[PDB]
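Novice: The structure follows.
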Amino acid sequence: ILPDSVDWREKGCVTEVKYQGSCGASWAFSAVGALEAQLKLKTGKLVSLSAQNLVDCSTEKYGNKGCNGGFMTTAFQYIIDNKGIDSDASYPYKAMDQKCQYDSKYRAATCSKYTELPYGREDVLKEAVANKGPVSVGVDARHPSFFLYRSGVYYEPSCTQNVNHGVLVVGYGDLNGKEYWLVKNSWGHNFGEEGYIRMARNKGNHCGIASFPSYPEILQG
Ligand SMILES: CS(=O)(=O)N1CCc2c(c(-c3ccc(C(F)(F)F)cc3)nn2C[C@@H](O)CN2CCC(c3c[nH]c4cc[n+](O)cc34)CC2)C1
C-alpha cells in the first residue's frame with residue numbers, strides 16, 4: 001500500500017539546491033542527489049556529494065562529456081568502479097571541465113549497484129520513489145514554460161517524451177486535484193519554488209519524466 005504523497009525533504013534525505021551555472025552537468029547533479037539520499041538512509045548523515053568529481057572523472061569510458069552532458073546510469077557505474085565519490089566540500093563545483101582529482105582520503109560515499117526503471121512507467125516510478133528513495137530522471141526541459149516556471153503543477157502541451165535535462169524526483173502528491181511529481185532541479189533557488197518544480201504526474205509520461213529513471217543503492221554482499 002503506497003502513500004498518496006511523499007516528500008523526501010521531510011525524511012532529511014535531500015541536500016540544498018545547487019546551481020550548475022553554464023556547465024551542462026545536470027546529469028552529475030541528478031546522480032549525486034540520488035546517492036545523497038541513500039547515504040543518509042545508511043549512515044544517518046546528510047552530506048552533499050561532489051558533482052565535480054563526476055564531471056572530471058566519469059568521462060569517455062562512461063559515455064559522459066562533463067560540461068557537455070552525460071548520463072546518471074554511467075555516473076553510478078563510475079562510483080561503483082571507483083569504489084567511492086568525494087564530498088562536495090572536499091571536491092567543490094567549479095562549473096568547468098577539470099583534470100580528475102579524486103582522492104580516496106575524502107571519500108564520502110560508495111555505491112554497490114544501480115537499477116533502471118522501465119520506460120514510461122509512472123506507476124513503477126511511484127513505487128520506487130515511495131519505497132527506495134529519490135530517483136534520478138531525465139525531463140524535456142526545452143520550453144520557455146519550463147525555465148520560467150514559478151509555482152503550481154507544470155503542464156506543457158508541447159512537451160515530448162525525449163529527455164534532455166537531468167533532475168531528481170524527491171516526491172509526489174496532488175495539488176487541488178492535479179497529481180504531480182516533486183522535482184529537485186540544479187538551477188539554484190531562482191528557478192521555480194526555491195529550486196523545485198512540481199511536474200504533471202499520470203499524464204502519459206509528461207515531459208518524459210518516467211522515460212529514463214534510475215536510482216543507486218549502497219549494499220553489502
Ligand atoms: C532522445 S531520447 O530522449 O529518447 N534518449 C535516447 C536514449 C537515452 C536517452 C537517455 C538520457 C538522456 C539524457 C539524460 C539526462 F539529461 F538526464 F541526463 C538522461 C538519460 N538515456 N538513454 C538510454 C541509453 O541510450 C543511454 N546510454 C547509451 C550508451 C551511451 C554510452 C556511450 N559510451 C558509453 C560507455 C559506457 N557506457 O556504459 C555507456 C556509454 C550512454 C548510455 C535519451
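Each chain in the C-alpha cells gets a letter, A, B, ..., in the order shown, and its residues are numbered from 1; ligands are numbered from 1 in order too.
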Would you mind listing what lies within 12 Å of residue 144 (chain A) as a ChimeraX atom specification, with only C-alpha atoms counted and same-chain residues fewer than 3 positions away left out?

Specialist: /A:140-141,147-150,154,156,158-159

Novice: Those residues with C-alpha atoms, as a PDB file, in the first residue's frame please?

Specialist:
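Contents of part.pdb, as written:
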```pdb
ATOM      1  CA  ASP A 140      12.216  17.522 -21.593  1.00  0.00           C
ATOM      2  CA  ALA A 141      13.174  20.964 -20.313  1.00  0.00           C
ATOM      3  CA  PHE A 147      12.616  27.705 -17.393  1.00  0.00           C
ATOM      4  CA  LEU A 148      10.113  30.451 -16.420  1.00  0.00           C
ATOM      5  CA  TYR A 149       8.151  28.171 -14.085  1.00  0.00           C
ATOM      6  CA  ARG A 150       7.487  29.773 -10.698  1.00  0.00           C
ATOM      7  CA  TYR A 154       3.669  22.251 -14.553  1.00  0.00           C
ATOM      8  CA  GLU A 156       3.132  21.920 -21.116  1.00  0.00           C
ATOM      9  CA  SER A 158       4.360  20.726 -26.368  1.00  0.00           C
ATOM     10  CA  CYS A 159       6.426  18.516 -24.031  1.00  0.00           C
TER      11      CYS A 159
END
```

Novice: Can you tell me which residues come within 9 Å of ligand 1 when counting only C-alpha atoms and all ligand atoms, ideally as a ChimeraX atom specification?

Specialist: /A:25-28,30,59-64,69-75,77,136-140,160-167,208,211-213

Novice: Go ahead and save the picked residues with C-alpha atoms, as a CSV table (one decimal), in the first residue's frame.

Specialist:
```csv
chain,number,residue,atom,x,y,z
A,25,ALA,CA,26.3,18.9,-15.8
A,26,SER,CA,22.7,18.3,-14.8
A,27,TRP,CA,23.4,14.5,-15.2
A,28,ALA,CA,26.0,14.8,-12.4
A,30,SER,CA,20.9,14.3,-10.6
A,59,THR,CA,34.3,10.7,-18.7
A,60,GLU,CA,34.8,8.8,-22.0
A,61,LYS,CA,34.7,5.3,-20.5
A,62,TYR,CA,31.2,6.2,-19.2
A,63,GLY,CA,30.0,8.0,-22.3
A,64,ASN,CA,29.9,11.3,-20.4
A,69,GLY,CA,26.3,16.3,-20.9
A,70,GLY,CA,26.2,12.8,-19.7
A,71,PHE,CA,24.2,10.1,-18.0
A,72,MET,CA,23.2,9.2,-14.5
A,73,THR,CA,23.4,5.5,-15.0
A,74,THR,CA,27.0,5.6,-16.1
A,75,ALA,CA,27.8,8.1,-13.4
A,77,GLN,CA,28.8,2.9,-12.7
A,136,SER,CA,17.3,10.3,-10.9
A,137,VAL,CA,15.3,11.1,-14.1
A,138,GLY,CA,15.5,12.9,-17.4
A,139,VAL,CA,13.0,15.5,-18.5
A,140,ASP,CA,12.2,17.5,-21.6
A,160,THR,CA,7.8,15.3,-25.5
A,161,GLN,CA,9.0,12.0,-24.0
A,162,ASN,CA,12.5,12.8,-25.3
A,163,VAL,CA,14.6,13.9,-22.3
A,164,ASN,CA,17.5,16.5,-22.3
A,165,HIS,CA,18.0,17.6,-18.6
A,166,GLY,CA,18.8,15.6,-15.5
A,167,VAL,CA,16.8,16.2,-12.3
A,208,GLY,CA,9.4,12.1,-20.3
A,211,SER,CA,11.4,7.7,-19.7
A,212,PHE,CA,14.8,7.1,-18.1
A,213,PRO,CA,14.6,6.7,-14.3
```

Novice: Quick one: everything within 12 Å of residue 4 (chain A), counting only C-alpha atoms, minus sequence neighbours fewer than 5 positions away in the same chain. Send it as a list in words.

Specialist: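 Residues near the query, excluding close chain neighbours: residues 126, 127, 129, 130, 171, 172, 173, 174, 175, 179, 180 and 181 of chain A.
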
Novice: Using only C-alpha atoms, find the one residue out of A:210, A:95, A:34, A:6 that sits nearest to residue 19 (chain A).

Specialist: A:95

Novice: Please return, as a PyMOL selection string, all residues of region 41-191 of chain A that DSSP assigns to alpha helix (DSSP H) on the basis of the backbone.

Specialist: chain A and resi 41-43+51-57+72-82+122-131+144-148
